[PDB]
Amino acid sequence: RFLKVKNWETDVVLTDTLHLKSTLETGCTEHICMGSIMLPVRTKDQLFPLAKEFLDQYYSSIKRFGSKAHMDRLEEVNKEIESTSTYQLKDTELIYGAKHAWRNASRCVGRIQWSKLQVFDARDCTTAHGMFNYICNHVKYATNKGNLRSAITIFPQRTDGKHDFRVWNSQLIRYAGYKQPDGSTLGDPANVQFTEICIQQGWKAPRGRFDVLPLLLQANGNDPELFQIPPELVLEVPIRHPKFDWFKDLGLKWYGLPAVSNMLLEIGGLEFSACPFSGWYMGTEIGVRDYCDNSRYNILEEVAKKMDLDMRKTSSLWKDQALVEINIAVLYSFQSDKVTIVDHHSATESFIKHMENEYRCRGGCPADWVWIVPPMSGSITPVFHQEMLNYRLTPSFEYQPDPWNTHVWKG
Amino acid sequence: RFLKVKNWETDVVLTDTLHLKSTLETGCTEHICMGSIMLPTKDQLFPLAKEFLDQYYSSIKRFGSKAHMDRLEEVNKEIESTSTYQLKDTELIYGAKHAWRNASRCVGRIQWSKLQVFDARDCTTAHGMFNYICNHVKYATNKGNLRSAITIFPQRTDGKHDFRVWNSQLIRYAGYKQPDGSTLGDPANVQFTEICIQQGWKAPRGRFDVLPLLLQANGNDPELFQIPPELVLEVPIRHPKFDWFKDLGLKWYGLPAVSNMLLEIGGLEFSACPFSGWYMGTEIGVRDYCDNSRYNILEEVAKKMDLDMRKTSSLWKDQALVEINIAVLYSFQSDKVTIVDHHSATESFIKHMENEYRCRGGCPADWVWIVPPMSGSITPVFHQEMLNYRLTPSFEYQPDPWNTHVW
Ligand code: HEM
Ligand code: HEM
Ligand SMILES: C[C@H](O)[C@H](O)[C@H]1CNc2nc(N)[nH]c(=O)c2N1
Ligand SMILES: C[C@H](O)[C@H](O)[C@H]1CNc2nc(N)[nH]c(=O)c2N1
Ligand SMILES: CSCC(=N)NCCC[C@H](N)C(=O)O
Ligand SMILES: CSCC(=N)NCCC[C@H](N)C(=O)O
Ligand SMILES: [Zn+2]
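In the order they appear, the protein sequences are chains B and A.
According to the deposited numbering, the first sequence holds residues 299 to 338, 348 to 718 in order.
According to the deposited numbering, the second sequence holds residues 299 to 338, 350 to 716 in order.
So this is what it looks like as structure tokens:
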């Protein structure tokens, strides 16, 4: 069966046959759409099929399907599973795997880049210290002095779910949040709970508004340990505005490298609970969400004051006005410092081209509209006008619960 | 069975049970989400009738009463012999108010129970239709102090005797393609604008020409009519700081009145049922003015502001978009035409959601439509999980009449 998606601004229609190759469920039914819901120990039994599909995909992509190297590999994985209960991916399969997980990531607008991913195989890693070293190398390689390069680091896969590798941080670089007793927060509110954990594990907190948090790291199921990323490794951009000279006096900066560390990489049935990955920022991530969410740094007001806008009635659109300035400032700052960042117009347009090309070559491109559309200026980006089809392909990045909720402390 | 929706900005969690009374289908499956697609018999009718009347009688606290049962019999007998049935006025009104209540794409539902319903079921001609329409337009406009209203023409019968308003709204601007290849006026109405001319309309062929109404009664060929100009309240668009803004020559009309939908109540289809409320500022300023396939004016406004349009990374479109929208809200407010800005409206819709949750057990909502097409995440609705489902009575889309009507 074929499915059509139309762009309402250009009238381009597209035909999706790829949704056919999908099995994981959406959270949706014929009676309810959960399209806007944020979050809607494997047996040998169900492991070989998962293996087989993956290797069928892998071998098709290299144009070797049905070959002797394809069959021998099936038979070998098959044997290794019955014998050992799991199996190891060749290097080639891991690389292909991680590329495809990104490729299939429907909430990601930056996927035009999916085929350029530096994969770092950390499956020989055994300790937290080994983790730290692997991560530092990732952060230095990916930063590249501001000329950001996409990368992922993949630690050993889950075995009995009792020996998991986990990065307790939600990102490799992120600013502390500290709840004061008067109810206010100092620094990033997103990070207060994690910050407290760090502190409880013995981190001495500078307690400022932009303190880079320590890596908290779990190897082989052992309690995690704290480590400071070398400061010279953390590239940061002080935030100024091309015409508002008081803007710098707002005391703002951000880090240049976004690197998600809390998700799970599934490939051919295997689960990698530690697989930090990094690309680069679209400006709105920082200027709209990180700075302006009410539950984040929440700077709209103080920027509004400084611009002396009529703040007395919402219909002045003073909020909308401050938001654009703040976003001009973020992009201006990054560009001036020659740190890679992309604006939301350029990013969404690229993505439309990627999506169209994906339909023509692959028969589909699963996409989550709620996520692909930027959080300001929605309809003046071409994605707003693009119908999308959202479905679940593997390999994939999945959510997993916070490890402090699951972890069994050895003390 | 019972579903949770969470607001991520405030942490409030709501439990939806209303979805288990969902009837219609969504387009989605376990395997695919179609959340962002725009348009995903005697025996048939009695179930629908019964289900509507049960909720109507439960709403008036008379579920199961003799009054309830008798009406179920009376409607049942009428179907059994006539093959359709007629709604009591009280049922007509409740049905309409609830069709709005259930409209998951409408951010403005906090207003739902204050709807003036005009029963035009005794109408028989397009002249009759025009007269009902003008009285609608005048009542709802109210000299700028807009009031919500729907007018309901006679329900479909054999679907060869359909009443239809061919305009997509009562009031909208014309669209002419030109030898220039460009488009003058509203390019969204270009094709209708033709059908009108193909029907005799003398287009003044300018940029903001209020289209003629094109009305079809009892399935007949439809007929042109010019709304008395004095009935069309319009706003010239100026900016509270850019004096030059007025020079752009922009105006919009005060009354949005969706005229092409189909109202379904208790299994009965009312295919002409124009309804109207009032505008959220972004509809005009963001979509109508700046959609690249609408008036697409960002290019020219950016010029007047002398912004650096050299690179997309100056956010010049974003800068302009904001001003354009300050101007619209400003114009309407200055002239005392009712209008709501996207901040105040989404705040109200969050409050409506919470009312419906504790009062009705849920509130179907389509996040993709509810989140405004500017400043999404600074409106509270961005951070609100919504569950979308299809309850009845409802408004549905229906084919354009010209693709259908036989001459
Ligand atoms: C090349 C630069 C990239 C850009 C500009 C980009 C852009 C984005 C943005 C804006 C989001 C939404 C994030 C949010 O709102 O929190 C996102 C989500 C996501 N991106 Fe990309 N991305 C890039 C590279 C990558 C890479 C290298 C990966 C992994 C290999 C990736 C995988 C994902 C995933 C899995 C999500 C969804 C995260 C979630 O569900 O919370 N992206 N991306
Ligand atoms: C009273 C003030 C109202 C406000 C502020 C309001 C707001 C809105 C907005 C912003 C939309 C999205 C429209 C678009 O983007 O095209 C919408 C759609 C809709 N509204 Fe409301 N509305 C109001 C009154 C009404 C009334 C009186 C009704 C019917 C009785 C109604 C029913 C609907 C329906 C059915 C849709 C979806 C129509 C479609 O699919 O295009 N609204 N409304
Ligand atoms: C409830 C709602 O889905 C939630 O706020 C989503 C909406 N869209 C989003 N889109 C992106 N890119 N990132 C987000 O965090 C969110 N949040
Ligand atoms: C393809 C996508 O569904 C389409 O552009 C939608 C998105 N959200 C919308 N939201 C509103 N309120 N009105 C619209 O016309 C649209 N268009
Ligand atoms: C793998 S990096 C992909 C990206 N461009 N963003 C990811 C999420 C970052 C987050 N939104 C933030 O604002 O820090
Ligand atoms: C029934 S009135 C509800 C409303 N406020 N808008 C409806 C659609 C109008 C459209 N967005 C426009 O910009 O003309
Ligand atoms: Zn869905």
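Ideal Cβ positions, reconstructed from N, Cα and C, are used throughout, including at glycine.
Ligand 3 heavy atoms versus the CB of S686 of chain B: any closer than 6 Å? Numbered from its first residue, the first sequence carries residue 686 of chain B at position 379. False, no ligand heavy atom lies under 6 Å from that Cβ.
Could you name the residues, in chain order, whose CB is less than 6 Å away from a heavy atom belonging to ligand 3? B:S334, B:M336, B:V677, B:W678, A:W306, A:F691, A:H692, A:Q693, A:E694
Inset, instruction - Would you list the residues sitting across from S585 of chain B in a DSSP beta bridge? - result: In the first sequence, residue 585 of chain B corresponds to position 278, counting from 1. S585 of chain B is bridged to B:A458, B:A566.
Cβ-based burial, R473 of chain A [other Cβ within 10 Å; buried from 16]:
Reading the second sequence from its first residue, position 164 is the one you call residue 473 of chain A. Its Cβ being crowded by 16 or more others within 10 Å, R473 of chain A is buried.
Within the present structure, is the beta-carbon of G509 of chain A separated from the nearest heavy atom of ligand 1 by less than 6 Å? Here residue 509 of chain A corresponds to residue number 200 of the second sequence, with the count starting at 1. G509 of chain A Cβ: outside cutoff for every heavy atom of ligand 1.
Checklist entry - With respect to 6 Å, is the separation between the Cβ of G417 of chain A and the closest non-hydrogen atom of ligand 2 below this value? => result Within the second sequence, numbered from 1, the residue matching residue 417 of chain A stands at position 108. Yes, the beta carbon of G417 of chain A sits closer than 6 Å to at least one heavy atom of ligand 2.
Practice item. Below 6 Å CB to CB, which residues in the same chain sit around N601 of chain B once its five sequence neighbours on both sides are set aside? Key: The residue you call residue 601 of chain B lines up with position 294 of the first sequence. Nothing listed; no residue qualifies.
Contact between the region 442-454 of chain A and the region 495-512 of chain A: three or more CB pairs below 8 Å? no
Could you run through the region 596-626 of chain B and flag, in chain order, every residue whose CB is less than 8 Å away from some CB of chain A? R596, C599, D600, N601, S602, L607, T621, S622, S623, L624, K626
Just to confirm the assignment: which complete beta strand (DSSP E) runs, minimum length 3, are found wholly within the region 486-531 of chain A? 492-494, 522-525
Point to revise | Partner residues on chain B for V631 of chain A, Cβ-Cβ distance less than 7 Å | key: On the second sequence, residue 631 of chain A is found 322 positions in, with the first residue counted as 1. The answer, in chain order, is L624, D627, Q628, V631.
- Inspect the CB distances between the region 355-363 of chain B and the region 570-588 of chain B and report whether three or more fall short of 8 Å. yes
For this session: Run the proximity test for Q420 of chain B: is its beta-carbon closer than 6 Å to any non-hydrogen atom belonging to ligand 1?
Result: Here residue 420 of chain B is taken as the residue at index 113 of the first sequence, counted from 1. For ligand 1, at least one heavy atom lies less than 6 Å from the Cβ of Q420 of chain B.
- Message: Given 6 Å as the limit, tell me if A629 of chain A has its C-beta closer than that to any heavy atom belonging to ligand 2.
- Response: Position 320 of the second sequence holds residue 629 of chain A. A629 of chain A: no, Cβ never under 6 Å from ligand 2.
- Task: Measure the alpha-carbon distance for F641 of chain B versus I648 of chain B and round it to whole angstroms.
- Result: Locating residue 641 of chain B in the first sequence gives position 334, where the first residue counts as 1. Locating residue 648 of chain B in the first sequence gives position 341, where the first residue counts as 1. Whole-angstrom Cα-Cα distance: 6 Å.
- For ligand 1, any of its heavy atoms closer than 6 Å to the Cβ of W561 of chain B? Here residue 561 of chain B corresponds to residue number 254 of the first sequence, with the count starting at 1. Answer for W561 of chain B: no, Cβ out of range of ligand 1.
Worksheet item: Going along the chain, which residues of its own chain have a beta-carbon closer than 8 Å to the beta-carbon of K560 of chain A, five neighbours each way excluded?
Response: Within the second sequence, numbered from 1, the residue matching residue 560 of chain A stands at position 251. Once the five neighbours on either side are set aside, the close Cβ partners of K560 of chain A are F517, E543, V544, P545, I546.
(message) Just verifying my parser: in three-state terms, what is the DSSP assignment at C672 of chain A?
(response) Taking the first residue of the second sequence as 1, we reach residue 672 of chain A at position 363. In this structure, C672 of chain A counts as coil in the three-state DSSP scheme.
**DSSP three-state assignment for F691 of chain B, whether helix, strand or coil** = Position 384 of the first sequence, counting from 1, holds the residue named residue 691 of chain B. It is coil, neither helix nor strand.
Checklist entry - Which residues mark the beginning and the end of the alpha helix (DSSP H) in which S390 of chain A is found? => result By 1-based counting over the second sequence, the position of residue 390 of chain A is 81. From DSSP, the alpha helix (DSSP H) with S390 of chain A extends over 375-391.
Would you mind giving the Cβ-Cβ distance between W678 of chain B and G333 of chain A, rounded to the nearest angstrom? I have them listed as a contact below 8 Å.
-> Taking the first sequence and counting its residues from 1, one reaches residue 678 of chain B at position 371. Taking the second sequence and counting its residues from 1, one reaches residue 333 of chain A at position 35. Rounded, the Cβ-Cβ distance is 11 Å, inconsistent with contact.
Item to check | Near ligand 6: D675 of chain A beta-carbon under 6 Å from a heavy atom | outcome: In the second sequence, the residue the question calls residue 675 of chain A occupies position 366. Every heavy atom of ligand 6 is 6 Å or more from the Cβ of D675 of chain A, so no.
Practice prompt. Quick one: using the 10 Å Cβ neighbour count with 16 as the cut-off for buried, is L700 of chain A buried or exposed?
Written response: As a position in the second sequence, residue 700 of chain A is number 391, starting the count at 1. Answer is buried; the Cβ neighbour count reaches 16.
Does DSSP put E705 of chain B in a helix, a strand or coil? For the purposes of this step, residue 705 of chain B is taken as the residue at position 398 of the first sequence. Note: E705 of chain B maps to strand in three-state DSSP.
> Just checking my contact of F427 of chain A with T460 of chain A at CB under 8 Å: how many whole Å lie between their CB atoms?
Replying inline: Numbered from its first residue, the second sequence carries residue 427 of chain A at position 118. Numbered from its first residue, the second sequence carries residue 460 of chain A at position 151. So it is a contact: roughly 4 Å between Cβ atoms.
- From the DSSP output, in three-state form, read off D428 of chain B for me. Stepping through the first sequence from its first residue, residue 428 of chain B is reached at position 121. It is a strand residue.
- Just the chain B side, please: which residues come within less than 8 Å of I330 of chain A by C-beta, in chain order? In the second sequence, the residue the question calls residue 330 of chain A occupies position 32. Simply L301, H317, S320, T324, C326, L696, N697, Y698.
Would a check of beta-carbon distances place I546 of chain B closer than 7 Å to chain A? Taking the first residue of the first sequence as 1, we reach residue 546 of chain B at position 239. No, its Cβ sits nowhere closer than 7 Å to a Cβ of chain A.
#### Entry: Residue span of the beta strand (DSSP E) that contains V303 of chain B, given as start and end
Position 5 of the first sequence, counted from the start, is the residue given in the question as residue 303 of chain B. Here the beta strand (DSSP E) through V303 of chain B covers 301-304.
query: What does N634 of chain B touch in chain A if you count any residue whose Cβ is under 8 Å from its own?
result: In the first sequence, residue 634 of chain B corresponds to position 327, counting from 1. The contacting residues are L624, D627.
Notebook entry, point to check: Roughly how many whole angstroms lie between the Cα atoms of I506 of chain A and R603 of chain A?
Noted result: For the purposes of this step, residue 506 of chain A is taken as residue 197 along the second sequence, with counting starting at 1. For the purposes of this step, residue 603 of chain A is taken as residue 294 along the second sequence, with counting starting at 1. Rounded to the nearest angstrom, the two C-alpha atoms are 21 Å apart.
**Item:** chain A contact for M683 of chain B (CB, 7 Å cutoff)
**Value:** Looking up residue 683 of chain B in the first sequence gives position 376. Yes, contact with chain A.
In this structure, how does DSSP classify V631 of chain B when only helix, strand and coil are distinguished? Numbered from 1 along the first sequence, position 324 holds the residue referred to as residue 631 of chain B. Helix, per DSSP.
Below 8 Å on C-beta distance, what does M336 of chain B contact in chain A? Taking the first sequence and counting its residues from 1, the one referred to as residue 336 of chain B is at position 38. In chain order: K304, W306, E694.
Cβ-Cβ distance between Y588 of chain A and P565 of chain A below 7 Å: Position 279 of the second sequence, counting from 1, holds the residue named residue 588 of chain A. Position 256 of the second sequence, counting from 1, holds the residue named residue 565 of chain A. Yes. Within cutoff.
_Given 6 Å as the limit, tell me if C582 of chain B has its C-beta closer than that to any heavy atom belonging to ligand 7._
As a working note, residue 582 of chain B is residue 275 in the first sequence. No, ligand 7 has no heavy atom inside 6 Å of this Cβ.
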